[PDB]
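**Q** A single structure is presented below for examination.
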Ligand SMILES: COc1ccc([C@H](Cc2cc([N+](=O)[O-])ccc2OC)c2c[nH]c(N)n2)cc1F
């Protein structure tokens with residue numbers, strides 16, 4: 001089972017992964033970004049230069065107008081829409097059709113990306129961060145309530161046309177290897193977690209573990225990079241720099257501005273360190289760590305192989321984005337309020353190193369790593 005859902009994700013590097021969904025009756029097909037960093041089901045519902053398709057409510061016999069608007073400011077830009085409901089389904093997902101809240105995006109400024117394969121967003125986080133308020137039930141919540149699909153989904157984000165799998169309602173064994181280790185979901189808004197220790201090539205970053213989670217640490221498929229707090233990013237980069245000093249790179253590379261290139265097939269992966277995040281475990285004083293390779297944080301972008309540094313600075317806490325998720329099979333066990341990590345069956349590595357998920361490790365005062 002779940003074979004119907006395997007490989008149901010596609011994507012364009014740096015733009016996220018999208019699943020195919022249909023909305024309305026008769027069904028209208030759209031590509032919806034899979035975002036565990038937001039909680040709205042929003043879709044383009046009016047003409048736009050970047051949208052080559054859009055939700056046409058007037059053509060759905062099953063549409064219902066909630067007669068309420070929503071205004072979402074996004075960085076330097078925004079989107080606005082009319083809230084409503086309609087029948088939604090996932091062609092390559094569970095065989096269910098559900099009535100869900102839909103934010104019909106009717107106006108936007110600097111939101112939709114020029115030439116992006118997706119026309120909407122599927123916010124899989126919790127209601128607390130749903131716009132305009134926590135009373136707009138997130139899609140996955142309606143899905144679970146209206147069907148018998150277990151309260152759980154898993155993501156295998158593979159990279160370099162990127163692809164992956166979103167398994168709704170189960171765990172597909174062929175998507176990972178070894179063990180799944182679970183970290184508790186600290187609070188149900190974002191998929192917030194607690195990082196209790198960071199290593200660069202085995203060397204402890206040695207910071208107040210509260211810094212790692214300041215002001216929070218989330219798992220966000222809607223973010224490309226691994227984004228770390230300023231103090232943490234600064235330390236991580238210093239350490240990553242030291243670890244790879246056999247070659248020097250322009251300060252622009254460490255800022256994600258400049259690229260770094262090598263003769264096709266000669267990328268010096270080994271001079272780059274691995275990165276380990278220790279996550280709070282399910283058992284007392286027990287943690288586990290997930291380790292990613294340069295193949296994860298060096299985003300491929302001629303007859304050379306060129307890459308961009310995919311670790312960047314955050315002011316809104318740690319974001320375990322695609323850079324992290326692409327090394328692992330990530331299980332969002334909402335039912336049990338925990339997130340599973342297993343080595344991904346599709347992650348990119350070489351013959352000497354591999355992403356890892358190891359445990360347990362004795363760790364005291366893990367609660368103290370949580371920032372308030
Ligand atoms: C409910 O309101 C929003 C939901 C999601 C986003 C973006 C989605 C997005 C993802 C990627 N992407 O690269 O996956 C690129 C561009 C995007 O928006 C244009 C986002 C930001 N962070 C998260 N989790 N998602 C912005 C919103 F205003």
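**Q** Once label points are set 7 Å from the Cα along Cα→Cβ at both residue 134 and residue 230, what is their separation, rounded to one decimal in nm?
**A** Once both label points are built, they end up 3.0 nm from each other.
**Q** Further question: Packing-wise, with mean Cβ within 10 Å as the measure, how do 267-279, 178-190 rank, highest first? Show your work: numbers first, answer last.
**A** Details: 267-279: 20.4, 178-190: 18.8.
Averaged packing, sorted descending, gives the order 267-279, 178-190.
**Q** Let me ask something else. Taking the radius of gyration and the Kirkwood hydrodynamic radius from Cα positions alone, what is the Rg/Rh ratio for the chain, to two decimal places?
**A** Answer for the chain: 0.97.
**Q** If you take every DSSP beta bridge fully contained in the chain, what fraction is antiparallel? Give it as a percent rounded to 5.
**A** Here the antiparallel bridges make up roughly 85 percent for the chain.
**Q** While we're on this one: Can you give the convex hull volume per residue for the Cα atoms of the range 17-149, as a whole number of Å³? All intermediate terms of the calculation are to be shown ahead of the outcome.
**A** Details: hull volume 13.5 nm³, N = 133.
Hull volume over Cα atoms, normalised by residue count, gives 102 Å³.
**Q** What is the spin-label model distance, in nm, from residue 110 to residue 13 if the labels are put 7 Å beyond Cα along the C-beta direction?
**A** Each label point lies 7 Å from its Cα, and together they span 2.5 nm.
**Q** Once the convex hull of the alpha carbons of the range 256-313 is built, what does its volume come to per residue, in cubic angstrom?
**A** Roughly 102 Å³ of hull volume per residue.
**Q** Could you work out the relative contact order of the range 17-149? I mean the mean sequence separation of Cα pairs under 8 Å and 6+ apart, divided by the number of residues, in percent.
**A** Answer for the range 17-149 is 32 percent.
**Q** Here's a follow-up. How big is the Rg/Rh ratio for the range 150-372, C-alpha atoms only, Rh by Kirkwood, two decimals?
**A** Answer for the range 150-372: 0.95.
**Q** If you find the alpha carbon centre of the range 303-338 and of the range 233-297, how far apart are they in angstrom?
**A** The two parts, judged by their Cα centres, are 13 Å apart.
**Q** Need the C-alpha centroid separation for the range 120-171 versus the range 24-74, integer Å.
**A** 16
**Q** Moving on. Rg (Å, one decimal) plus Dmax (Å, integer) for the alpha carbons of the range 80-167?
**A** Here Rg and the maximum Cα pair distance are 14.4, 39 Å.
**Q** Order 315-327, 353-365 from most to least packed using the mean count of other Cβ atoms within 10 Å.
**A** 315-327, 353-365
**Q** Taking the Cα-to-Cβ direction at residue 67 and at residue 303 and moving 7 Å from each Cα, how far apart do the two end points lie in nm?
**A** That separation, rounded to one decimal, is 6.8 nm.
**Q** Determine the equivalent ellipsoid of the range 179-308 by diagonalising the alpha-carbon gyration tensor, then write out the semi-axes as square roots of 5 times the eigenvalues, largest first, rounded to whole Å.
**A** Equivalent ellipsoid semi-axes, largest first: 29, 15, 14 Å.
All Cβ positions, even for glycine, are placed from backbone atoms using ideal geometry, and neighbour counts span all protein chains on display. Each value in this text was obtained by applying a stated rule to the coordinates, not by laboratory testing.
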